[PDB]
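Scroll down for the structure; my scribbles are underneath it.
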Amino acid sequence: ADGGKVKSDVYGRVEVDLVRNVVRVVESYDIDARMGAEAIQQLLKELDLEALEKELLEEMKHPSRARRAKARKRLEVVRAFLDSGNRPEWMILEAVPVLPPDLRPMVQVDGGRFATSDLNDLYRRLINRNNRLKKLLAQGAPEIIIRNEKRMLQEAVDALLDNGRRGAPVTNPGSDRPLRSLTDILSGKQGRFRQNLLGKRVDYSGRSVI
Amino acid sequence: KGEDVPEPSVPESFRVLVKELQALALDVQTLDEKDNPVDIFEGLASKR
Amino acid sequence: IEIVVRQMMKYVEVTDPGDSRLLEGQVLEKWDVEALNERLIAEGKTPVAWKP
Amino acid sequence: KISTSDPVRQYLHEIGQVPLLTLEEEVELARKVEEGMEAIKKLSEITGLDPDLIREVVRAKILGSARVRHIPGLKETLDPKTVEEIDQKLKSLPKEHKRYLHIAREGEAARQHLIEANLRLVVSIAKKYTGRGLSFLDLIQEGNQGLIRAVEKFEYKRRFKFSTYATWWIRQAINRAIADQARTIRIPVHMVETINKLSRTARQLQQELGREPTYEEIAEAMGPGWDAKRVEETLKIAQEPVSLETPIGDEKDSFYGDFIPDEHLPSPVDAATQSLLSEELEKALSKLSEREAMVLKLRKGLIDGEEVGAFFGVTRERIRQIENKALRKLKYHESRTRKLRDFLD
Amino acid sequence: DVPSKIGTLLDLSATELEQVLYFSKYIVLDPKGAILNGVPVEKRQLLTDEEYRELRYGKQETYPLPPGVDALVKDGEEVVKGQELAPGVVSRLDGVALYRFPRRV
């Protein structure tokens with residue numbers, strides 16, 4: 001192969017110099033080095049619970065309390081998976097669903113004033129990024145930019161599922177208020193849940209002095 | 001018209017929950033007698 | 001105060017397994033279930049030893 | 001741990017490791033970037049494989065294996081057979097021809113370093129287009145989107161240094177990135193500018209009078225086709241959308257949302273109306289002679305509400321004919337049994 | 001989540017490995033990696049940016065370019081093209097360039 005990725009014998013990097021026949025051979029190899037959800041996703045794919053389960057069965061009951069104690073909290077989860085559950089490769093994301101539209105409105109307020117939920121922006125956030133990631137991966141890019149964007153891509157993906165977990169993003173200045181993340185809407189984290197059991201409104205109700 | 005009231009459909013809070021939950025990786029399905037699906041959002045979630 | 005109370009006890013720890021490993025903490029009767037079907041019907045008793 | 005300190009540290013290091021000579025090495029990699037295109041355009045003049053192919057298989061040979069062509073983009077190209085067979089054709093090229101590939105490779109290679117180097121230049125500019133609506137890392141990011149964009153356009157033969165050439169592009173990038181991703185609602189660049197001036201004049205207006213200008217004063221100041229109607233119209237769009245969720249009244253649990261009613265839905269006294277309307281209209285719809293009734297039941301009623309293109313094949317005269325007589329004969333038997341009188345709608 | 005379910009199933013630093021590999025490039029040696037850092041391939045153990053660089057591009061990449069004009073320029077050419085420059089070669093001009101790394105120039 002020409003100046004570049006050229007896996008030779010135990011040494012695998014070849015630089016060319018057509019001046020004098022000098023087939024440069026720098027010495028690295030097929031050292032699969034990955035970072036980000038990738039390596040994780042991979043490491044999970046290549047798992048066969050049945051093996052790790054039995055391995056800990058031994059790891060557990062025999063070694064000293066020390067390395068056997070952890071081995072148990074470790075087998076507990078593995079088992080749940082391995083049970084009637086859903087095979088554990090899906091804890092990773094490669095496709096984020098998208099809450100409906102009318103469930104995060106783009107309303108008319110006071111004339112020019114528009115009304116929009118705090119999640120549509122935590123999405124545009126992603127969308128733009130995810131794309132940007134793609135354009136630059138096409139555009140052909142130096143390394144320190146792919147990861148850096150990949151990084152930022154991570155953030156946003158959490159930021160939409162659940163904010164503040166690592167950091168608290170904010171609509172551009174005016175509101176230092178956090179953007180309403182998903183489970184937030186679930187837990188009623190901002191005094192929402194309570195209200196949910198604080199009541200709902202009956203259809204044919206009344207009140208008045210006794 | 002003078003007839004008993006139709007038994008309750010699904011609670012918007014629920015539904016809003018299920019979708020507000022799928023919003024996150026997770027997946028909340030509803031099952032019958034046998035661990036097989038039951039369609040709360042009737043029809044709508046079928047694609048196209 | 002006897003009702004609510006038993007709901008503070010309706011939990012038992014595990015030590016001598018069979019199905020799933022030891023220290024699990026599970027409902028008192030759910031264990032009256034497995035234990036009951038292991039020494040009564042599906043023989044070869046696996047006396048789940050639990051702690052209140 | 002807290003981002004940017006890393007993403008800046010990430011290239012301060014590499015850059016800090018290879019700051020390409022202001023002229024020399026920028027020229028080096030520069031030269032070794034044009035002979036890339038030259039080469040490839042010529043390879044294509046021999047392989048028949050589109051410039052895209054030659055340009056795509058040389059990158060996958062240097063930067064990333066099959067893995068890179070599989071995830072970032074699906075499988076249009078076979079991880080094995082496709083690429084390998086394409087490069088297989090580059091080795092079959094004679095000495096004279098295999099010559100350019102060896103160039104094409106080192107070149108793209110040259111495109112790598114050059115870009116990685118000037119990554120400090122990006123953040124420098126980026127350090128100013130900060131407050132708009134784009135994250136700082138984001139800013140940097142679309143900032144690189146102009147730098148690597150420079151790499152294609154530069155002309156080392158024209159002696160002007162590189163750093164300064166990237167400047168323009170880069171700033172161009174960040175700017176489009178500001179007009180695009182900064183808001184929730186998209187407005188054109190034309191209106192974008194039309195908004196700055198309209199906000200820039202308000203400035204000199206705050207300067208004197210004391211009265212935050214009426215849409216008359218601001219309109220004059222601006223210029224030509226600017227009518228008081230426009231400014232009141234142009235500013236409503238200026239203001240940024242308001243949170244559907246916001247502490248309402250005595251800020252407590254009460255969320256701003258419950259305050260906005262609904263409409264698409266027929267509030268019971270509307271559904272109840274359909275059942276009477278629909279059942280009654282259809283009823284009178286059965287004591288009519290099929291024809292016109294149907295073509296007008298299906299015309300206004302079915303597809304979309306042209307007396308001419310109305311009835312099947314009979315002319316307009318028999319259309320109106322039975323029309324105004326049937327319709328009206330319809331109206332006077334209903335008026336009797338007062339079913340539809342009370343305007344349900 | 002306190003109980004790192006991807007840190008438990010994967011005996012990776014329950015909360016520190018992932019934490020250091022997820023949000024950046026503190027690479028984990030997924031499949032093989034034949035070569036050594038003195039020791040064989042760390043099947044499931046991570047390495048530094050600086051060390052990964054020492055793998056890919058081999059050990060060294062230094063660019064000690066000379067000062068003045070007719071100085072070190074004569075110690076270079078004469079002792080650069082082909083000469084298997086051992087570790088610690090002593091270029092002799094401005095200060096003392098130090099070619100402390102192996103095989104070829």
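Residues are named by chain letter and number: chains run A, B, ... in the order of the structure tokens, numbers start at 1 in each chain, and ligands are numbered from 1 in the order shown.
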For this session: Just need the residues of chain A within 9 Å of chain B, counting only C-alpha atoms, so spit them out as a list in words.
Result: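 Here they are: residues 90, 91, 92, 93, 95, 96, 97, 98, 99, 100, 103, 158, 160, 161, 162, 182, 183, 185, 186 and 196 of chain A.
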Would you save the residues from that selection as an mmCIF file, in the first residue's frame, using N, CA, C and O atoms?
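Output saved as selection_5.cif:
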```cif
data_model
loop_
_atom_site.group_PDB
_atom_site.id
_atom_site.type_symbol
_atom_site.label_atom_id
_atom_site.label_comp_id
_atom_site.auth_asym_id
_atom_site.auth_seq_id
_atom_site.Cartn_x
_atom_site.Cartn_y
_atom_site.Cartn_z
ATOM 1 N N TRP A 90 -28.890 -3.750 23.949
ATOM 2 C CA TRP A 90 -29.674 -2.546 23.729
ATOM 3 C C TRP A 90 -29.491 -1.394 24.733
ATOM 4 O O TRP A 90 -30.131 -0.350 24.584
ATOM 5 N N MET A 91 -28.643 -1.555 25.750
ATOM 6 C CA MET A 91 -28.464 -0.465 26.721
ATOM 7 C C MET A 91 -27.813 0.739 26.040
ATOM 8 O O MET A 91 -27.752 1.839 26.597
ATOM 9 N N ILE A 92 -27.326 0.514 24.824
ATOM 10 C CA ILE A 92 -26.667 1.550 24.027
ATOM 11 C C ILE A 92 -27.631 2.201 23.047
ATOM 12 O O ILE A 92 -28.653 1.620 22.690
ATOM 13 N N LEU A 93 -27.289 3.396 22.593
ATOM 14 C CA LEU A 93 -28.146 4.110 21.666
ATOM 15 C C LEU A 93 -27.541 4.315 20.290
ATOM 16 O O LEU A 93 -26.372 4.687 20.150
ATOM 17 N N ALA A 95 -30.293 4.975 17.954
ATOM 18 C CA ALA A 95 -31.576 5.482 17.440
ATOM 19 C C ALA A 95 -32.525 5.959 18.557
ATOM 20 O O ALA A 95 -33.182 5.151 19.213
ATOM 21 N N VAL A 96 -32.601 7.279 18.730
ATOM 22 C CA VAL A 96 -33.417 7.942 19.751
ATOM 23 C C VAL A 96 -34.842 8.243 19.295
ATOM 24 O O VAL A 96 -35.036 9.043 18.402
ATOM 25 N N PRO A 97 -35.857 7.637 19.924
ATOM 26 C CA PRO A 97 -37.256 7.875 19.546
ATOM 27 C C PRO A 97 -37.540 9.345 19.684
ATOM 28 O O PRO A 97 -36.706 10.078 20.196
ATOM 29 N N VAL A 98 -38.715 9.790 19.256
ATOM 30 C CA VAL A 98 -39.039 11.205 19.379
ATOM 31 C C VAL A 98 -40.470 11.504 19.827
ATOM 32 O O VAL A 98 -41.419 11.303 19.080
ATOM 33 N N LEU A 99 -40.608 11.991 21.058
ATOM 34 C CA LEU A 99 -41.907 12.334 21.616
ATOM 35 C C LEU A 99 -42.731 13.056 20.552
ATOM 36 O O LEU A 99 -42.194 13.822 19.756
ATOM 37 N N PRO A 100 -44.054 12.807 20.521
ATOM 38 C CA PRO A 100 -44.993 13.405 19.572
ATOM 39 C C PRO A 100 -44.910 14.922 19.531
ATOM 40 O O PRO A 100 -44.237 15.538 20.346
ATOM 41 N N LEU A 103 -47.620 16.977 21.811
ATOM 42 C CA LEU A 103 -47.235 16.736 23.198
ATOM 43 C C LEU A 103 -45.990 17.544 23.544
ATOM 44 O O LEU A 103 -45.220 17.180 24.428
ATOM 45 N N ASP A 158 -27.810 12.927 26.124
ATOM 46 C CA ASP A 158 -28.235 12.765 27.500
ATOM 47 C C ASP A 158 -29.180 13.940 27.684
ATOM 48 O O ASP A 158 -30.373 13.773 27.922
ATOM 49 N N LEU A 160 -31.159 15.450 26.356
ATOM 50 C CA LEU A 160 -32.536 15.312 25.891
ATOM 51 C C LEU A 160 -33.259 14.222 26.685
ATOM 52 O O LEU A 160 -34.422 14.367 27.079
ATOM 53 N N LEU A 161 -32.573 13.115 26.909
ATOM 54 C CA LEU A 161 -33.166 12.055 27.687
ATOM 55 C C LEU A 161 -33.309 12.695 29.066
ATOM 56 O O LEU A 161 -34.415 12.998 29.492
ATOM 57 N N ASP A 162 -32.191 12.948 29.740
ATOM 58 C CA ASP A 162 -32.248 13.584 31.052
ATOM 59 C C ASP A 162 -31.088 14.526 31.392
ATOM 60 O O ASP A 162 -29.937 14.108 31.547
ATOM 61 N N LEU A 182 -36.609 14.710 29.489
ATOM 62 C CA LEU A 182 -37.609 13.657 29.456
ATOM 63 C C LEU A 182 -38.060 13.118 30.800
ATOM 64 O O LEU A 182 -39.163 13.444 31.235
ATOM 65 N N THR A 183 -37.239 12.306 31.472
ATOM 66 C CA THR A 183 -37.675 11.753 32.759
ATOM 67 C C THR A 183 -38.116 12.845 33.717
ATOM 68 O O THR A 183 -38.858 12.596 34.673
ATOM 69 N N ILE A 185 -40.006 15.236 32.912
ATOM 70 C CA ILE A 185 -41.432 15.257 32.662
ATOM 71 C C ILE A 185 -42.094 14.070 33.331
ATOM 72 O O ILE A 185 -43.276 14.119 33.681
ATOM 73 N N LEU A 186 -41.322 13.001 33.502
ATOM 74 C CA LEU A 186 -41.827 11.791 34.137
ATOM 75 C C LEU A 186 -41.908 11.920 35.658
ATOM 76 O O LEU A 186 -42.974 11.745 36.251
ATOM 77 N N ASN A 196 -49.528 16.134 40.165
ATOM 78 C CA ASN A 196 -50.267 15.051 39.523
ATOM 79 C C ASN A 196 -51.110 14.248 40.529
ATOM 80 O O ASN A 196 -52.161 13.696 40.177
#
```
Exercise. When the cut-off is 12 Å and we count only C-alpha atoms, which residues of chain E are near chain D, given as a list in words?
Worked result: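 Here is what falls inside 12 Å: residues 16, 18, 19, 20, 21, 22, 23, 24, 25, 26, 49, 50, 53, 56, 61, 62, 63, 64 and 65 of chain E.
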If you run DSSP on the backbone, which residues of segment 107-271 of chain D are helix (DSSP H, G or I), as a compact mmCIF listing (two decimals) with N, CA and C atoms, in the first residue's frame?
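states-v7.txt, freshly written:
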```txt
# COMPACT_ATOMS: atom_id res chain seq x y z
N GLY D 107 -0.80 12.84 -0.29
CA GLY D 107 -1.52 14.11 -0.29
C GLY D 107 -2.60 14.17 0.78
N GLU D 108 -3.64 13.35 0.64
CA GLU D 108 -4.72 13.33 1.62
C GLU D 108 -4.04 13.36 2.96
N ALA D 109 -3.00 12.56 3.08
CA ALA D 109 -2.23 12.51 4.30
C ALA D 109 -1.83 13.94 4.71
N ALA D 110 -1.35 14.71 3.73
CA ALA D 110 -0.94 16.10 3.94
C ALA D 110 -2.10 16.98 4.38
N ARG D 111 -3.28 16.67 3.85
CA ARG D 111 -4.48 17.41 4.20
C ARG D 111 -4.79 17.23 5.69
N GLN D 112 -4.39 16.09 6.24
CA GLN D 112 -4.62 15.79 7.65
C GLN D 112 -3.91 16.82 8.54
N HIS D 113 -2.58 16.72 8.60
CA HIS D 113 -1.75 17.60 9.43
C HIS D 113 -2.07 19.09 9.35
N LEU D 114 -2.04 19.61 8.13
CA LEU D 114 -2.31 21.03 7.85
C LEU D 114 -3.54 21.54 8.61
N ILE D 115 -4.62 20.76 8.55
CA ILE D 115 -5.89 21.06 9.21
C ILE D 115 -5.79 20.97 10.74
N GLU D 116 -5.15 19.90 11.21
CA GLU D 116 -4.94 19.65 12.63
C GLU D 116 -4.14 20.79 13.25
N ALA D 117 -3.17 21.29 12.49
CA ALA D 117 -2.33 22.39 12.93
C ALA D 117 -3.18 23.61 13.21
N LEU D 119 -5.88 24.24 13.98
CA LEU D 119 -7.06 24.07 14.81
C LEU D 119 -7.06 25.05 15.96
N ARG D 120 -5.92 25.71 16.15
CA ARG D 120 -5.77 26.70 17.20
C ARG D 120 -6.27 28.00 16.61
N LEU D 121 -6.10 28.15 15.30
CA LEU D 121 -6.55 29.35 14.62
C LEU D 121 -8.06 29.43 14.72
N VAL D 122 -8.73 28.29 14.60
CA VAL D 122 -10.19 28.26 14.68
C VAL D 122 -10.62 28.91 15.99
N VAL D 123 -10.35 28.23 17.09
CA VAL D 123 -10.72 28.70 18.42
C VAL D 123 -10.36 30.16 18.64
N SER D 124 -9.32 30.65 17.98
CA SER D 124 -8.96 32.04 18.18
C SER D 124 -10.15 32.89 17.71
N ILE D 125 -10.51 32.76 16.43
CA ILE D 125 -11.65 33.52 15.92
C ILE D 125 -12.83 33.17 16.81
N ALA D 126 -13.16 31.88 16.87
CA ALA D 126 -14.27 31.41 17.68
C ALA D 126 -14.35 32.12 19.02
N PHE D 136 -20.06 27.16 22.57
CA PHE D 136 -18.68 27.51 22.23
C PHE D 136 -18.03 26.39 21.44
N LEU D 137 -18.25 25.15 21.86
CA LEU D 137 -17.69 24.03 21.13
C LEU D 137 -18.36 23.98 19.78
N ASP D 138 -19.66 24.25 19.76
CA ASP D 138 -20.43 24.25 18.53
C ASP D 138 -19.79 25.27 17.61
N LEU D 139 -19.56 26.46 18.15
CA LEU D 139 -18.95 27.55 17.39
C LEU D 139 -17.65 27.08 16.77
N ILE D 140 -16.81 26.47 17.59
CA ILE D 140 -15.55 25.96 17.11
C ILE D 140 -15.89 25.04 15.95
N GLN D 141 -16.69 24.01 16.24
CA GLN D 141 -17.11 23.02 15.25
C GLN D 141 -17.52 23.51 13.87
N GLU D 142 -18.49 24.41 13.78
CA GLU D 142 -18.88 24.89 12.47
C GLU D 142 -17.75 25.78 11.99
N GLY D 143 -16.84 26.11 12.91
CA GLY D 143 -15.69 26.93 12.59
C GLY D 143 -14.68 26.14 11.78
N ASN D 144 -14.54 24.86 12.11
CA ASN D 144 -13.64 23.98 11.39
C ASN D 144 -14.28 23.75 10.03
N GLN D 145 -15.61 23.84 10.01
CA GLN D 145 -16.37 23.64 8.78
C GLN D 145 -16.01 24.63 7.68
N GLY D 146 -15.18 25.61 8.02
CA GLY D 146 -14.78 26.58 7.03
C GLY D 146 -13.31 26.42 6.79
N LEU D 147 -12.61 25.90 7.79
CA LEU D 147 -11.18 25.71 7.69
C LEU D 147 -10.88 24.61 6.68
N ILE D 148 -11.40 23.41 6.92
CA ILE D 148 -11.17 22.29 6.01
C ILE D 148 -11.74 22.66 4.66
N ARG D 149 -12.64 23.63 4.68
CA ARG D 149 -13.26 24.09 3.45
C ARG D 149 -12.23 24.88 2.69
N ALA D 150 -11.29 25.46 3.42
CA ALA D 150 -10.26 26.24 2.79
C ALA D 150 -9.32 25.29 2.06
N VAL D 151 -8.92 24.23 2.74
CA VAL D 151 -8.01 23.26 2.16
C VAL D 151 -8.28 22.91 0.69
N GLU D 152 -9.55 22.88 0.27
CA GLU D 152 -9.86 22.57 -1.13
C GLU D 152 -9.58 23.74 -2.05
N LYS D 153 -9.91 24.93 -1.57
CA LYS D 153 -9.76 26.13 -2.35
C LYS D 153 -8.38 26.75 -2.48
N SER D 163 -2.72 30.69 6.62
CA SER D 163 -3.42 31.17 7.80
C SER D 163 -4.48 32.22 7.48
N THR D 164 -4.07 33.28 6.79
CA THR D 164 -4.96 34.38 6.43
C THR D 164 -6.07 34.01 5.46
N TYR D 165 -5.83 32.99 4.63
CA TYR D 165 -6.83 32.56 3.65
C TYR D 165 -7.93 31.80 4.35
N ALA D 166 -7.55 31.06 5.38
CA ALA D 166 -8.51 30.28 6.14
C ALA D 166 -9.40 31.23 6.93
N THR D 167 -8.82 32.35 7.33
CA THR D 167 -9.54 33.35 8.11
C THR D 167 -10.93 33.62 7.53
N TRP D 168 -10.97 34.06 6.28
CA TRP D 168 -12.22 34.37 5.59
C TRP D 168 -13.22 33.23 5.68
N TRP D 169 -12.86 32.10 5.09
CA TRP D 169 -13.71 30.93 5.11
C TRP D 169 -14.25 30.68 6.50
N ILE D 170 -13.35 30.44 7.44
CA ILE D 170 -13.73 30.19 8.82
C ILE D 170 -14.83 31.15 9.27
N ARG D 171 -14.54 32.45 9.24
CA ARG D 171 -15.54 33.43 9.63
C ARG D 171 -16.82 33.28 8.83
N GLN D 172 -16.70 32.83 7.60
CA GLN D 172 -17.89 32.65 6.79
C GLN D 172 -18.71 31.54 7.42
N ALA D 173 -18.03 30.45 7.76
CA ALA D 173 -18.68 29.30 8.37
C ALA D 173 -19.49 29.73 9.59
N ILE D 174 -18.79 30.17 10.63
CA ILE D 174 -19.44 30.60 11.87
C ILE D 174 -20.66 31.47 11.61
N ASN D 175 -20.56 32.36 10.63
CA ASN D 175 -21.67 33.25 10.30
C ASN D 175 -22.91 32.52 9.80
N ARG D 176 -22.73 31.59 8.86
CA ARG D 176 -23.89 30.86 8.39
C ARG D 176 -24.45 30.05 9.55
N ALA D 177 -23.53 29.51 10.35
CA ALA D 177 -23.89 28.70 11.50
C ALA D 177 -24.66 29.53 12.50
N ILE D 178 -24.48 30.84 12.45
CA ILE D 178 -25.20 31.71 13.36
C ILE D 178 -26.60 31.99 12.83
N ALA D 179 -26.71 32.15 11.51
CA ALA D 179 -28.00 32.42 10.89
C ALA D 179 -28.89 31.19 10.80
N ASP D 180 -28.29 30.02 11.00
CA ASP D 180 -29.04 28.77 10.91
C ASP D 180 -29.48 28.10 12.22
N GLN D 181 -28.51 27.74 13.05
CA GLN D 181 -28.77 27.02 14.30
C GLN D 181 -29.09 27.83 15.55
N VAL D 189 -31.88 34.89 5.94
CA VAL D 189 -30.74 35.78 6.15
C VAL D 189 -31.17 37.20 5.82
N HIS D 190 -32.00 37.32 4.79
CA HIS D 190 -32.53 38.61 4.34
C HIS D 190 -33.23 39.32 5.50
N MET D 191 -34.08 38.59 6.21
CA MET D 191 -34.81 39.15 7.34
C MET D 191 -33.86 39.28 8.51
N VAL D 192 -32.88 38.38 8.57
CA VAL D 192 -31.90 38.43 9.64
C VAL D 192 -31.27 39.82 9.66
N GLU D 193 -30.70 40.21 8.53
CA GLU D 193 -30.10 41.54 8.41
C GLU D 193 -31.18 42.60 8.67
N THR D 194 -32.29 42.48 7.94
CA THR D 194 -33.40 43.40 8.07
C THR D 194 -33.75 43.58 9.55
N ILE D 195 -33.31 42.66 10.40
CA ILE D 195 -33.61 42.77 11.83
C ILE D 195 -32.55 43.54 12.58
N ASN D 196 -31.29 43.39 12.18
CA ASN D 196 -30.22 44.12 12.84
C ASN D 196 -30.39 45.62 12.62
N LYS D 197 -30.50 46.05 11.37
CA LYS D 197 -30.69 47.47 11.10
C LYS D 197 -31.89 47.97 11.90
N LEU D 198 -32.99 47.24 11.84
CA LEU D 198 -34.20 47.63 12.54
C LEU D 198 -33.96 47.69 14.04
N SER D 199 -32.92 47.03 14.52
CA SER D 199 -32.64 47.08 15.94
C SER D 199 -31.50 48.06 16.18
N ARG D 200 -30.70 48.28 15.14
CA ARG D 200 -29.56 49.18 15.22
C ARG D 200 -30.02 50.63 15.20
N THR D 201 -31.16 50.91 14.58
CA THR D 201 -31.65 52.28 14.52
C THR D 201 -32.34 52.63 15.83
N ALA D 202 -32.98 51.65 16.45
CA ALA D 202 -33.66 51.88 17.71
C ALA D 202 -32.64 52.47 18.68
N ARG D 203 -31.38 52.10 18.50
CA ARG D 203 -30.27 52.57 19.34
C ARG D 203 -30.17 54.09 19.31
N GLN D 204 -29.87 54.65 18.15
CA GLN D 204 -29.75 56.09 18.03
C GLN D 204 -31.05 56.76 18.44
N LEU D 205 -32.13 55.99 18.50
CA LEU D 205 -33.45 56.51 18.89
C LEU D 205 -33.59 56.60 20.41
N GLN D 206 -32.99 55.65 21.10
CA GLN D 206 -33.00 55.63 22.55
C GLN D 206 -32.11 56.79 22.96
N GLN D 207 -31.14 57.08 22.10
CA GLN D 207 -30.18 58.14 22.32
C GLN D 207 -30.76 59.49 22.70
N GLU D 217 -41.58 56.77 14.17
CA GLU D 217 -40.21 57.29 14.19
C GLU D 217 -39.21 56.27 13.69
N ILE D 218 -39.24 55.08 14.26
CA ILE D 218 -38.32 54.06 13.84
C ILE D 218 -38.46 53.79 12.34
N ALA D 219 -39.68 53.92 11.83
CA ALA D 219 -39.95 53.67 10.41
C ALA D 219 -39.30 54.73 9.52
N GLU D 220 -39.38 55.98 9.93
CA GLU D 220 -38.79 57.08 9.18
C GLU D 220 -37.30 56.81 9.08
N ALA D 221 -36.64 56.89 10.23
CA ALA D 221 -35.21 56.69 10.34
C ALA D 221 -34.63 55.60 9.44
N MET D 222 -35.24 54.42 9.46
CA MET D 222 -34.74 53.31 8.66
C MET D 222 -34.58 53.62 7.19
N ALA D 228 -45.02 52.05 9.11
CA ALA D 228 -45.33 51.71 10.50
C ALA D 228 -45.93 50.32 10.60
N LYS D 229 -46.63 49.90 9.55
CA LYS D 229 -47.22 48.57 9.56
C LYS D 229 -46.11 47.54 9.68
N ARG D 230 -45.11 47.68 8.83
CA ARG D 230 -43.97 46.77 8.79
C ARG D 230 -43.24 46.59 10.12
N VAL D 231 -42.73 47.68 10.71
CA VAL D 231 -41.99 47.58 11.98
C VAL D 231 -42.74 46.81 13.08
N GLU D 232 -44.02 47.10 13.26
CA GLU D 232 -44.78 46.39 14.28
C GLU D 232 -44.84 44.93 13.89
N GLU D 233 -44.75 44.67 12.59
CA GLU D 233 -44.81 43.32 12.06
C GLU D 233 -43.44 42.65 12.12
N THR D 234 -42.40 43.45 11.92
CA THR D 234 -41.04 42.93 11.91
C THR D 234 -40.45 42.68 13.29
N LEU D 235 -41.04 43.26 14.32
CA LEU D 235 -40.50 43.05 15.65
C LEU D 235 -41.14 41.87 16.39
N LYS D 236 -42.41 41.59 16.09
CA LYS D 236 -43.12 40.48 16.71
C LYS D 236 -42.34 39.19 16.43
N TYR D 256 -47.75 27.31 33.51
CA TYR D 256 -48.25 28.13 32.40
C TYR D 256 -49.10 27.40 31.35
N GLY D 257 -48.77 26.15 31.09
CA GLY D 257 -49.50 25.38 30.10
C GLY D 257 -51.01 25.22 30.25
N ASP D 258 -51.49 24.82 31.43
CA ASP D 258 -52.93 24.63 31.60
C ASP D 258 -53.70 25.87 31.18
N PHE D 259 -53.01 27.00 31.11
CA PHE D 259 -53.64 28.25 30.72
C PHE D 259 -54.02 28.39 29.25
N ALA D 271 -69.58 17.59 19.50
CA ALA D 271 -69.70 16.22 19.05
C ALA D 271 -71.20 15.96 19.07
```
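Each of A:150, A:53, A:194, A:188 was compared to chain C using only C-alpha atoms, and A:53 turns out to be the nearest.
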For this session: Using only C-alpha atoms, find the residues of chain E whose closest atom to chain A is at most 8 Å away, then write them as a VMD selection string.
Result: chain E and resid 5 to 6 8 to 10 21 to 35 55 to 58
What does the file look like for those residues with N, CA and C atoms, as a compact mmCIF listing (two decimals), in the first residue's frame?
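This went into again_25.txt:
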```txt
# COMPACT_ATOMS: atom_id res chain seq x y z
N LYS E 5 -24.87 -0.29 35.54
CA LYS E 5 -25.26 -1.54 34.89
C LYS E 5 -24.41 -1.89 33.67
N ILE E 6 -23.62 -0.94 33.18
CA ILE E 6 -22.76 -1.22 32.04
C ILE E 6 -21.36 -1.32 32.63
N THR E 8 -21.12 -2.92 35.62
CA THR E 8 -21.28 -4.15 36.39
C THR E 8 -21.17 -5.34 35.45
N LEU E 9 -21.99 -5.31 34.40
CA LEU E 9 -22.02 -6.36 33.39
C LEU E 9 -20.63 -6.42 32.76
N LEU E 10 -20.05 -5.24 32.56
CA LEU E 10 -18.71 -5.10 32.00
C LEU E 10 -17.83 -4.73 33.17
N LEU E 21 -13.63 6.85 29.42
CA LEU E 21 -13.59 6.43 28.02
C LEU E 21 -14.81 6.91 27.25
N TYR E 22 -15.94 7.03 27.92
CA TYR E 22 -17.14 7.48 27.23
C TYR E 22 -16.99 8.85 26.58
N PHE E 23 -16.98 9.88 27.40
CA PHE E 23 -16.92 11.25 26.91
C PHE E 23 -15.62 11.77 26.29
N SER E 24 -14.80 10.90 25.72
CA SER E 24 -13.56 11.37 25.10
C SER E 24 -12.86 10.28 24.31
N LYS E 25 -11.53 10.33 24.26
CA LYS E 25 -10.75 9.34 23.52
C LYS E 25 -9.68 8.62 24.35
N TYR E 26 -10.05 8.19 25.56
CA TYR E 26 -9.11 7.49 26.44
C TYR E 26 -9.21 6.00 26.23
N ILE E 27 -9.17 5.72 24.93
CA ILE E 27 -9.23 4.43 24.28
C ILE E 27 -9.00 3.14 25.07
N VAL E 28 -9.88 2.17 24.83
CA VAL E 28 -9.81 0.84 25.43
C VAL E 28 -9.45 -0.08 24.28
N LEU E 29 -8.49 -0.96 24.51
CA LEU E 29 -8.01 -1.89 23.50
C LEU E 29 -9.02 -2.99 23.23
N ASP E 30 -10.01 -2.71 22.38
CA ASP E 30 -11.02 -3.71 22.08
C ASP E 30 -10.40 -5.03 21.59
N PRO E 31 -10.51 -5.37 20.29
CA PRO E 31 -9.87 -6.66 20.00
C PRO E 31 -8.36 -6.71 20.25
N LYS E 32 -7.67 -7.52 19.46
CA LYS E 32 -6.22 -7.70 19.59
C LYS E 32 -5.42 -6.40 19.51
N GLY E 33 -4.11 -6.55 19.63
CA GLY E 33 -3.20 -5.42 19.58
C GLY E 33 -1.79 -5.93 19.69
N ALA E 34 -1.55 -7.08 19.08
CA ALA E 34 -0.24 -7.74 19.08
C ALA E 34 0.90 -7.05 19.84
N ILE E 35 1.42 -5.96 19.28
CA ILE E 35 2.55 -5.22 19.87
C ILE E 35 2.47 -4.94 21.37
N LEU E 55 2.18 4.07 19.65
CA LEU E 55 1.91 2.79 19.03
C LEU E 55 1.78 3.02 17.53
N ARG E 56 0.66 3.63 17.14
CA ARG E 56 0.38 3.94 15.75
C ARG E 56 1.61 4.37 14.95
N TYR E 57 2.10 5.57 15.24
CA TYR E 57 3.25 6.12 14.54
C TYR E 57 4.58 5.60 15.06
N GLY E 58 4.55 4.46 15.74
CA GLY E 58 5.79 3.94 16.28
C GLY E 58 6.22 4.84 17.42
```
